[PDB]
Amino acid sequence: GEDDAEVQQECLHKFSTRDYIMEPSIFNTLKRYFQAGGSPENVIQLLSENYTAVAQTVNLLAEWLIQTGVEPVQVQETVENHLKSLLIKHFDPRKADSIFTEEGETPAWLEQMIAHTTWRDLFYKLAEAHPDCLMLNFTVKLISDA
């Protein structure tokens, strides 16, 4: 009949992974957990036991580098290029077009990405490697129409 015990452990697994407290999916995962009647007390345990603070550890490395004389804007550019590298590797046109058909209006973050010139470069490099994708053609036109 009911899923409840399979779903529960599917969720307890994610709770165990590294720094799951940082993941955007954690809200969806917590709702699946409770709609499947999961007791909550051991969830706080899993999330805190497996917290490593990788992201805060990046902040530390950055300020250390800056204190030793690296220009701040350059640490920023390394960090941005890593986001940019991941986005180019995993770029799926069907996911991008889903941004559009999930709501006719565009999301607020698209018009915000466009204010930074490195993100506009990412969209241009994306518009070449995938010339017949709809979300990129829209975004390049949004930039141009600015």
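Numbering starts at 1 and follows the sequence shown.
Of the two segments, 129-137 and 16-24, the one listed with the higher mean B-factor is 129-137 (C-alpha atoms only). The PDB entry records a higher mean C-alpha B factor for 41-49 than for its counterpart among 75-83 and 41-49. Highest CA B-factor among 98, 67, 56, 112, as stated in the entry: 98. Annotation for residue 36: C-alpha temperature factor in the highest third relative to the rest of the modelled chain, per the entry. Annotation for residue 106: CA B-factor lies in the highest third of the chain's modelled residues. When the CA B factors of the chain's modelled residues are split into thirds, the value for residue 63 lands in the lowest one.
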